[PDB]
Amino acid sequence: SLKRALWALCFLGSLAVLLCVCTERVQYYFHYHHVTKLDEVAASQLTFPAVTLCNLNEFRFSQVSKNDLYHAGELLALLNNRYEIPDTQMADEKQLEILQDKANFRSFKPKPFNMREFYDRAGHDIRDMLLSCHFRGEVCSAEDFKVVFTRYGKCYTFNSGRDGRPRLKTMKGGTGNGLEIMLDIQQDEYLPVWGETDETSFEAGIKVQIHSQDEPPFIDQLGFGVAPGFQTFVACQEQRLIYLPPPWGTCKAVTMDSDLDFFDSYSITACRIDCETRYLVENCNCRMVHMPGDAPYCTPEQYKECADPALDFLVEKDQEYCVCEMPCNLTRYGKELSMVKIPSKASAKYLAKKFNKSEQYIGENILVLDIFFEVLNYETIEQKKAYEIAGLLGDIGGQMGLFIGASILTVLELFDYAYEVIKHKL
Amino acid sequence: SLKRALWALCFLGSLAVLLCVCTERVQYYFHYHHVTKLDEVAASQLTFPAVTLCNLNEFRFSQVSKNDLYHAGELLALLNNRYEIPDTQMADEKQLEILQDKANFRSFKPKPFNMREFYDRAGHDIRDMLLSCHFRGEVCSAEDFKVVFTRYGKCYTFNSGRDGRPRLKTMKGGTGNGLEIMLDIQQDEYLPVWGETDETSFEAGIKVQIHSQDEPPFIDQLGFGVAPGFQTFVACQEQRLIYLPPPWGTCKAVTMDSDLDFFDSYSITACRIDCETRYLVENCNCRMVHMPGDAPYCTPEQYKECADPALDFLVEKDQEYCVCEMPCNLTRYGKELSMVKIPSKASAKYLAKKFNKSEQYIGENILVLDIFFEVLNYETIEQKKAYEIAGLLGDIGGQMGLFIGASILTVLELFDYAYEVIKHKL
Amino acid sequence: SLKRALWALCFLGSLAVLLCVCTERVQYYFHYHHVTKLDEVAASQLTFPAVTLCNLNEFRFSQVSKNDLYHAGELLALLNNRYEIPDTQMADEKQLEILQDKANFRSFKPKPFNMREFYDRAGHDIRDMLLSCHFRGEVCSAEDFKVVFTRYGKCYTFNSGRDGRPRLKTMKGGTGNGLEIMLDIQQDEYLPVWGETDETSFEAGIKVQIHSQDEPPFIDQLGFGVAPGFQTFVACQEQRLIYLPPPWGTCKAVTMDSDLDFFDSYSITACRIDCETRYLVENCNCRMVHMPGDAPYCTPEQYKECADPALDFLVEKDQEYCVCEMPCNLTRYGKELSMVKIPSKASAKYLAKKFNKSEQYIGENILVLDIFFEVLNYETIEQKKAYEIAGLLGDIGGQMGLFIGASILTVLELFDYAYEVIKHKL
Ligand SMILES: CC(C)CCC[C@@H](C)[C@H]1CC[C@H]2[C@@H]3CC=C4C[C@@H](OC(=O)CCC(=O)O)CC[C@]4(C)[C@H]3CC[C@]12C
Ligand SMILES: CC(C)CCC[C@@H](C)[C@H]1CC[C@H]2[C@@H]3CC=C4C[C@@H](OC(=O)CCC(=O)O)CC[C@]4(C)[C@H]3CC[C@]12C
Ligand SMILES: CC(C)CCC[C@@H](C)[C@H]1CC[C@H]2[C@@H]3CC=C4C[C@@H](OC(=O)CCC(=O)O)CC[C@]4(C)[C@H]3CC[C@]12C
Ligand SMILES: *[C@@H]1O[C@H](CO)[C@@H](O)[C@H](O)[C@H]1NC(C)=O
Ligand SMILES: *[C@@H]1O[C@H](CO)[C@@H](O)[C@H](O)[C@H]1NC(C)=O
Ligand SMILES: *[C@@H]1O[C@H](CO)[C@@H](O)[C@H](O)[C@H]1NC(C)=O
Ligand SMILES: *[C@@H]1O[C@H](CO)[C@@H](O)[C@H](O)[C@H]1NC(C)=O
Ligand SMILES: *[C@@H]1O[C@H](CO)[C@@H](O)[C@H](O)[C@H]1NC(C)=O
Ligand SMILES: *[C@@H]1O[C@H](CO)[C@@H](O)[C@H](O)[C@H]1NC(C)=O
Ligand code: NA
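The rules behind these values
Residues numbered from 1 in each chain as written, not as in the entry; some residues may be left out. Chains lettered and ligands numbered in written order. Heavy atoms only, no water. Residues with missing side-chain atoms left out of burial classes, pairs and counts. UniProt positions renumbered as here; feature names shortened; annotations may be inferred. Helix = DSSP H or I, 4+ residues; strand = E, 2+ residues; numbered from the N terminus. Pairing = 2+ DSSP bridges. Axes fitted to C-alpha atoms, helices over the stretch in contact; angles between N-to-C directions. Near = heavy atom within 4 Å. Polar contact = N/O pair within 3.5 Å; in protein donor to acceptor, adjacent residues only side chain to side chain. Areas by Shrake-Rupley, 256 points an atom, 1.4 Å probe, with all protein chains shown as cover. Donors = N, O, S within 2.8 Å, 3.2 Å for Na, K, Ca; no water. Buried < 20%, exposed > 50% of the residue type's maximum accessible area, 1.4 Å probe, protein only. Contact = heavy atoms within 4.5 Å. Salt bridge = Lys/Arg side-chain N within 4 Å of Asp/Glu carboxyl O. Least-squares fit on C-alpha atoms. Parallel < 35°, antiparallel > 145°, perpendicular 65-115°, else oblique. Left-handed = near helix turned anticlockwise from the far one by under 90°. Nonpolar A, V, L, I, M, F, W, Y, C, P; charged D, E, K, R; others polar. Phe/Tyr/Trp six-rings, centres within 6.5 Å; stacked < 30°, edge-to-face > 60°.

- Looking at the method and resolution fields of the entry, one finds cryo-EM and 3.56 Å.

Okay, here's the thing in structure tokens:
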């Protein structure tokens, strides 16, 4: 034909192109794509994070008695299974002799034992480890820190925001407008390490973690180190992420009491302590010292057959047992370390006078932490939906309004034209 | 009805859905959303940044006279308010005696005093602090650095691009294709610190800031530290941000002389020095030593009642006095430190010969900075408008072209159909 | 007129606005814009990277013979061009005397020489440099590392995934769930440095690079340093980038044998070694020791006129000779260093016994690397097309369906209406 032969390709080919192009805007929508948004909103009064710091030594050597070596001798790796110093050939010169009159057990008649009570008196004490800190020039106290427990032993927490005291805030950047702690890691009272184990440690420092205040401390997997004899400027940078709920991303939404069995808030580091507690109470009824709840802590004899082999199974065979993902409102904290050597020539003769110690002791034990904010900004890393439902109806309609010019009314008009087909002319 | 009863829901319900969906594409536009764009454009000849480095000690102790302790004795924290060494019990062994015959003032008849003139001769000198630097193997001079002033005292600047000399460029990554400075922090000439103040400092190092060349140095809030006895590889990474003007984001746009009262360009660190100058000249007519302009610097007696308490008020009560935000064309510089111990066994006997100093002095005072580019890239972090006006008319039209099929012509055709209503049939 | 005079502005002005708005959605498409997508997908079993570590000293001083000083004396900077120790006034006390009876050449009759054979026996040996490493507690061997060659001399590689052994994987974060190497940098056997050159080095440490396993080691431009006497916790963070092919970005797509002349895979660091090989074999037929292929390595006499001046020309005059960009599937590795001082008071008397060395030697030569993953995540930084072709036809049609209401059918209906013009009425 002349008029109708051209429309066999025109109206049908444009319809054939439309079904290819209308699908790739509907197949695109069900991917649930999302793009991000980095911003840098300045502020004037930023809150302070929660520093958590503890020594790299769990137990003070000068504060273990003849009772504690009896029950926990396999735990400290100071005795064998037969209760003896395991052939310490050329160990030391004096530190044998403190154990030579404490590892006797000659008809000892041992007292009852506790495990949390062992951590509290034989850990390092912040009344002696700390010398003088500050906060914007205003002085500290030892009562500003709080005793927390984790795998490294007794650890402390500054600005935790727990048990009544509120949270502290900075109003300036700089270096002297944050913490200036002056610790003393006490290398005289370390555990003697003349033996050898796979878990042995040679170092001597302090593990610090800077986290938000809505999390428990998670020192063993998130903390950095700070060397003695150095002043370390830990600059910070507050980041506020905003994630997306499924099917876009993966985020358990925030609520009042979401998935709380032993805590109140919800966090990633608040969840592996939850899943490593319910597994231990249900397997052999233990509870390690850092786990929350009211279940009784178990003996160090149970520590070799319930602590290590059961918590090996959460990373060996039962990695599908519990799973938990990021909350939708995080707050991270970046860090940019840099070190400056602390005991200068001018200060070697004053610090030796003030704390009554040798100049050799000062260069090997004094450690100045220094935490601040770099500039008073905070970055936001959001996740925004790339293709909403209200934008799908636009681009699916603008193609139909281009190729055939038919609206959603006229397709129903053809559907009522088939009603004119069925009985009016048939 | 049969034909018209169905259109009471068809034409009206699709219009009812349209007003919900056309609003959420107009309410979306007035949020002014924006998404970002990270790119990594390789290059071949990148410019070099502007290193700014100075000691952690403001005044050399062996270069203060009996005049300078008279006027600035409260400033250096070496005298009391009654002009005496404040009970330095067991201070030192020799460093008392330099002050025992300089803190006399027995009918001294004091000369006139200046404050910038005190900084220039009693600060640390780069002719003696610097030993030998390099740039791509080609040797330095002491005349490549420039004297600048900030809160830490006299500080120097490499590759500043000021007073005629052009900017230097790198053509390779590596470690030996940048600065290799060998400083000497001079711990023999530090200030004696047998006293105690809140502002006291024990450390001994060097504060470096790597910034762009369109900014003044802002050492006290943006600089890291470098320890003596270590060689620190400061790797860099050039970033070029592009921000957005309001109402999308917050950015004063770039111009020729934007908001310049004492500078020429515009920057964030070039603005707080501006706002801390206009406040000080209008309150008690002072000018601290690091502030630009022609107003006269004031005496250290005015330093206790105008420098510290007035600049306390900009972070206490008048945080709304001046505000200034990011320019739209920044250039940052990342950094990734790492340290290697400098005085090796092979070099302990050569450096002791060449600079005529003991092996104890070399391990406590020699410091090798090493700044380079890691790879010759630069990242761009742009901010792009998510929903322009030209895309609003598409998605607002494709919905109307879908639900009712009415264009902007036919709504005016109905508006002229009401003209046919008003007088042709009424 | 009354009806037709209004349509001179209505139908024509809306058409006039349409050509401005339809262009800025077609001019927008040909920019090929793209936005990014940061995600954080958690995992459970992440692969381990490939550590590459070597000393900062190329040649052991106690293992160069009287033959090697004859041919390579200009290379090591130990002799002059006239084969003599160049006036070493007050050099040392003993280390002259090893060279005083080795730099004789009194009728030496020199043997034939090789250059790769010189690197293999006079480099540092991992059987003596390494003391004890670990991997998740399970012990190492010296046979887990692999000899590779680069510009720093003989370097080693852990977890390379080459020559049959598979790749190792972690299942936990923490600090003791990665490498814990205990190196010994051997400062007794360093080269004597009483001379002076522009390329001279004072430091003594170890350069480590953490890279993926699809790259050759590129130590001299991508490695950080690790100081002796310190234990450095190198935390990691696996990133998986996805780039875009042109015209959006710049990326040679991944294939089986893309641009491989001496390698198998494709990478950025695998390409500059390619371009620095083809240039050297075609200019003066050399091959430096770190270049792959079968071309013969050339003498150190050729090293002064072919190694340095020809490889100066790739960064001076022929920077357009070869160019190669990022592959579309990278894998980077971030790092966050932190140091803890290693030889504690408890371990000073045990390490002195176990490895039979003085306490002075332990604090100056023992170095504990510690590499782990922080948390078992991996970040994805994708680049997504901002404006596809299927979205162009939507927003270009929704504007035409708004302003004039004309589809692509009716513009062809007017084009056939001109066929009714040409001969039916003319
Ligand atoms: C006769 C011709 C003109 C056919 C034109 C029909 C269109 C109007 C259809 C085809 C594809 C349909 C869409 C296909 C898929 C979806 C996903 C669907 O997703 C949901 O959100 C439902 C599930 C939930 O509520 O989570 C919402 C309706 C929508 C947009 C549909 C709306 C109507 C569309 C655009
Ligand atoms: C009779 C029926 C078919 C109603 C259809 C009317 C539409 C054509 C109207 C409804 C919403 C209007 C929009 C509402 C808001 C804006 C924001 C406005 O924003 C500005 O940029 C103005 C201020 C400035 O210049 O900065 C520009 C016009 C526009 C897109 C309007 C264009 C015309 C729209 C799409
Ligand atoms: C009579 C009136 C209504 C004019 C309306 C015509 C439109 C339907 C035209 C004008 C601009 C044209 C576009 C101009 C440019 C391109 C780029 C072109 O880019 C390619 O991808 C081709 C090359 C390749 O395959 O890589 C694809 C067709 C397209 C979208 C065209 C599709 C049809 C458009 C939208
Ligand atoms: C995240 O949202 C919750 C409630 O939705 C709110 O209480 C909390 O303050 C928010 N946190 C941040 C950092 O925005
Ligand atoms: C200072 O230290 C010495 C040695 O430890 C000790 O004998 C002396 O009592 C100490 N003095 C004070 C005041 O603590
Ligand atoms: C930013 O823009 C100004 C002018 O708009 C220009 O002079 C300057 O070079 C730009 N800087 C960058 C880093 O793009
Ligand atoms: C080297 O130092 C000593 C002690 O400081 C000094 O007496 C001697 O003059 C110095 N020699 C030179 C050449 O500077
Ligand atoms: C990148 O893509 C190639 C093939 O396209 C694939 O073999 C490789 O595993 C991918 N790598 C990553 C990190 O996705
Ligand atoms: C220990 O070192 C000394 C001195 O280097 C050496 O004489 C002795 O033979 C060494 N002993 C062993 C067992 O290696
Ligand atoms: Na659209």
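On we go.
**Some remarks on the UniProt feature "transmembrane region" in chain A**
Residues and elements named next belong to chain A.
Next up, step 1: Under the local residue numbering, the UniProt record ascribes the feature "transmembrane region" to residues 11-27 and 389-419.
Next up, step 2: Secondary structure across residues 11-27 comprises 65% helix and 0% strand; the distance between its end C-alpha atoms is 24 Å.
Next up, step 3: With 84% helix and 0% strand, the stretch residues 389-419 has end C-alpha atoms that lie 32 Å from each other.

**Considering the sheet that holds strand 6 (residues 146-150) of chain A**
All names here are of chain A.
Next up, step 1: Here we have five strands laid out as an open sheet, ordered 6-7-3-10-11, and antiparallel in their pairing. Both outer strands of the open sheet, strand 6 and strand 11 (224-226), are each paired with one neighbouring strand and no more. Taken over all neighbouring pairs, the strand axes of this sheet differ in orientation by 35 degrees on average, direction set aside.
Next up, step 2: Examined bridge by bridge, strand 6 and strand 7 (residues 153-157) share five bridges and lie antiparallel to one another. Each residue of the ladder has a partner; that of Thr-150, found in strand 7, is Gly-153.

**Things to note about the site of ligand 6**
Residues and elements named next belong to chain B.
Next up, step 1: Residues in close proximity to ligand 6 include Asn-329, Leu-330 and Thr-331, which together make up its full environment.
Next up, step 2: Interatomic distance of 2.3 Å between a side-chain N/O atom of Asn-329 and an oxygen atom of ligand 6.
Next up, step 3: Its free accessible area being 360 Å², ligand 6 has 34% of it covered by the protein chains.

**Overview of the coordination of the sodium ion (ligand 10)**
Next up, step 1: Looking at the sodium ion (ligand 10), the protein donor atoms are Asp-395 of chain A (OD), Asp-395 of chain A (OD), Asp-395 of chain B (OD), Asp-395 of chain B (OD), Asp-395 of chain C (OD) and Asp-395 of chain C (OD), and they sit 2.3 to 2.8 Å from it.
Next up, step 2: The exposure class assigned to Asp-395 of chain A is buried, which follows from its relative accessible area of 6%.

**As for the sheet that holds strand 11 (residues 224-226) of chain C**
All names here are of chain C.
Next up, step 1: In spatial order, the strands read 6-7-3-10-11; together these five strands make up an open sheet with antiparallel pairing. Both edges of this open sheet fall to strand 6 (146-150) and strand 11, since each of them pairs with a single strand only. Taking each pair of neighbouring strands and ignoring which way they run, the sheet shows an average axis angle of 35 degrees.
Next up, step 2: Taken together, the three bridges between strand 10 (residues 206-211) and strand 11 define a ladder with antiparallel strand orientation. For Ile-206, the partnering residue across the bridge sits in strand 11 and is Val-226.

**Details of the interface of chain C and chain A**
Where interface size is given, it is often the accessible area lost as the parts come together that is meant.
Next up, step 1: Each partner contributes residues to the interface: chain C has 43 residues there, and chain A has 61 residues.
Next up, step 2: Listed by contribution, the elements that provide at least two residues to the side of chain C that touches chain A are strand 1 (34-42), strand 12 (230-241), strand 14 (339-341), helix 10 (348-354), strand 15 (366-385), helix 12 (389-395), helix 13 (397-403) and helix 14 (408-424) of chain C.
Next up, step 3: In terms of residues, the side of chain C that touches chain A owes the most to one element, strand 1 of chain C, which gives six residues.

**Side note on the pattern of salt bridges**
Residues and elements named next belong to chain A.
Next up, step 1: Under the counting rule described, the total for this entry stands at 38 salt bridges over all chains.
Next up, step 2: Taking the shortest distance from any N to any O, the salt bridge between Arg-151 and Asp-220 comes out at 4.0 Å. Of this pair, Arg-151 sits in the loop between strand 6 and strand 7 while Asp-220 sits in helix 7 (residues 219-222); the two residues are 69 residues apart in sequence, bridging distant segments of the chain.
Next up, step 3: For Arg-151, a relative accessible area of 39% corresponds to the partly exposed category.
Next up, step 4: Residue classification places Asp-220 among the buried residues on the basis of a relative accessible area of 13%.
Next up, step 5: The salt bridge partner of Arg-167 is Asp-214, with a shortest N-O separation of 3.7 Å. Linking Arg-167 in the loop between strand 7 and strand 8 (169-170) with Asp-214 in the loop between strand 10 (206-211) and helix 7, this pair joins segments that are 47 residues apart in sequence.

**Notes on the interface of chain B and chain A**
Next up, step 1: The interface is formed by 57 residues belonging to chain B together with 44 residues belonging to chain A.
Next up, step 2: Contributions of two or more residues to the side of chain B that touches chain A are made by helix 1 (7-21), strand 1 (34-42), helix 7 (219-222), strand 11 (224-226), strand 15 (366-385) and helix 12 (389-403) of chain B.
Next up, step 3: Top element by residues in the side of chain B that touches chain A is helix 12 of chain B. It accounts for six residues.

**Things to note about the site of ligand 8**
All names here are of chain C.
Next up, step 1: Around ligand 8, the surrounding shell consists of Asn-329, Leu-330 and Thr-331.
Next up, step 2: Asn-329 is positioned with one of its side-chain polar atoms (N or O) 2.3 Å from an oxygen atom of ligand 8.
Next up, step 3: Starting from 360 Å² of accessible surface for ligand 8 in isolation, the protein chains cover 34%.

**Remarks on the relation of the copies chain C and chain A**
Next up, step 1: Each copy of the sequence occupies a distinct position, and chain C is placed on chain A by a rotation of 120 degrees and an axial shift of 0.0 Å, giving an RMSD of 0.0 Å. Here the copies are linked by what is in effect a three-fold axis. Proximity to the rotation axis, assessed at the C-alpha, singles out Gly-398 of chain C in chain C; its C-alpha lies 2.4 Å from the axis.

**Some remarks on the packing of helix 1 (residues 7-21) of chain A against helix 14 of chain C**
Next up, step 1: The geometry of helix 1 of chain A relative to helix 14 of chain C is characterised by a closest axis approach of 11 Å and an angle of 160 degrees between their N-to-C directions. Comparing their axes, helix 14 of chain C and helix 1 of chain A come out roughly antiparallel. Crossing handedness for the pair helix 1 of chain A and helix 14 of chain C: right-handed. Packed against helix 1 of chain A, whose contacting residues are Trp-7, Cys-10, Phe-11 and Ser-14 of chain A, the element helix 14 of chain C presents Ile-408, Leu-409 and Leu-412 of chain C at the interface.
Next up, step 2: When its residues are assigned to classes, the contact of helix 1 of chain A with helix 14 of chain C shows six nonpolar, one polar and no charged.

**Overview of the environment of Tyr-350 of chain A**
Next up, step 1: As for its position among the elements, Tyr-350 of chain A is in helix 10 (residues 348-354).
Next up, step 2: Those residues within four positions of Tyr-350 of chain A in sequence are excluded, and the remaining contacts are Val-193, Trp-194, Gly-195, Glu-196 and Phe-202 of chain B.

**Focus on the packing of aromatic side chains**
Next up, step 1: Scanning the model with the defined rule gives 60 aromatic pairs over all chains in all.
Next up, step 2: A centroid spacing of 5.1 Å and a plane angle of 65 degrees characterise the contact between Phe-48 of chain B and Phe-135 of chain B, whose relative ring orientation is edge-to-face. You can see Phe-48 of chain B sitting in the loop between strand 2 (46-47) and strand 3 (50-55) and its partner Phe-135 of chain B sitting in strand 4 (residues 134-135), a full 87 residues away along the chain. Neither residue differs from the other here; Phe-48 of chain B and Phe-135 of chain B are each classed as buried.
Next up, step 3: Consider the rings of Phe-113 of chain B and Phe-118 of chain B, whose centres lie 6.2 Å apart with planes at 45 degrees: the pair is tilted.
Next up, step 4: You can call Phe-113 of chain B partly exposed: its relative accessible area is 26%.
Next up, step 5: Of the residues examined, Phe-118 of chain B reaches a relative accessible area of 1% and is grouped as buried.
Next up, step 6: A connected cluster of aromatic rings, assembled from ring pairs, spans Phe-48, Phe-135, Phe-145, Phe-158, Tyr-333 and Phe-373 of chain A.

**Description of the side chain of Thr-380 of chain C**
Next up, step 1: Take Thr-380 of chain C: it is sitting in strand 15.
Next up, step 2: In this view, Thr-380 of chain C contacts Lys-37, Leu-38, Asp-39 and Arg-240 of chain C; residues no more than four positions away in its chain are not counted.

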